[PDB]
């Protein structure tokens, strides 16, 4: 295959969950930049519509619908609509929508636990199940989970969050092996702290920000496009022998003494 085709997503179809802000928004734009047709969602109709209008103004081929991926019935309805829009063929599934709670282990409620498991683990698992027929039908499938680099280390307050992301890292391995025969690859990107609306209150908390940045060799938090570029690469034919991997995008955070 030519270098040009190996580094392109021209003609492909993609579903990115949680695409109106932060990393997901950057992933939508990165995939469109390499020629993908993209479907996205969020929980907020007004914000999603504005995003879709902005993208249509820019001639970006993006469509979408409101979906709370923590709801089983909404996931079912999303997968049905995505299959209808893309005529049953999906090249790319990016499980980006997630959730976060920061508390000491002693403080987590049953509701905190169920919230994090549903949005970080069950959502991705069930969406993978639902998308398997159209990923297989595309003939070339790529699943990317957005995990977290803290699923390899212990950050104060992150116990249940990191545990659900560690579950995602293992699921990545099972998906990669079980669905290889369908020409579907599965990988996880594990970011460090990234500048997004989800981390705006963290950036305002200078004591917390400075402590985290002091552990990053690069001396700064990441930017959304520093995650999105790798997400696009992992979907390209260039990545055809990369499957089952968890790749940290963290400026050296996890390996820093």
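Residue numbers count along the first chain shown, from 1.
S.K.: Going by the B-factors listed in the PDB entry, is the mean over the C-alpha atoms higher for 5-13 or for 241-249?
M.R.: It is 5-13 that shows the higher mean C-alpha B-factor.
S.K.: Out of 195-203 and 44-52, which one has CA B-factors that are higher on average in the deposited record?
M.R.: Stretch with the higher mean C-alpha B-factor: 44-52.
S.K.: Highest Cα B-factor in the deposition, which of 151, 177, 143, 79?
M.R.: Result of the comparison over 151, 177, 143, 79: 79.
S.K.: Between 164, 172, 96, 84, let me know which has the highest C-alpha B-factor in the entry?
M.R.: Within the set 164, 172, 96, 84, 84 shows the top C-alpha B-factor.
S.K.: How does the C-alpha B factor of residue 92 compare with the rest of the chain: lowest, middle or highest third?
M.R.: Answer is lowest: the recorded C-alpha B-factor places it there.
S.K.: What third of its chain's C-alpha B-factors does residue 38 belong to: lowest, middle or highest?
M.R.: Middle third, going by the recorded CA B-factors of the chain.
S.K.: Is the Cα B-factor recorded for residue 131 in the lowest, middle or highest third of its chain?
M.R.: Ranked within chain, residue 131 CA B lands in the middle tercile.
S.K.: Among the modelled residues of this chain, does the Cα B factor of residue 103 put it in the lowest, middle or highest third?
M.R.: It belongs to the middle third of the chain when residues are ordered by C-alpha B-factor.
S.K.: By the recorded C-alpha temperature factor, relative to the other modelled residues in its chain, which third is residue 210 in?
M.R.: Tercile = highest for this residue's CA B-factor.
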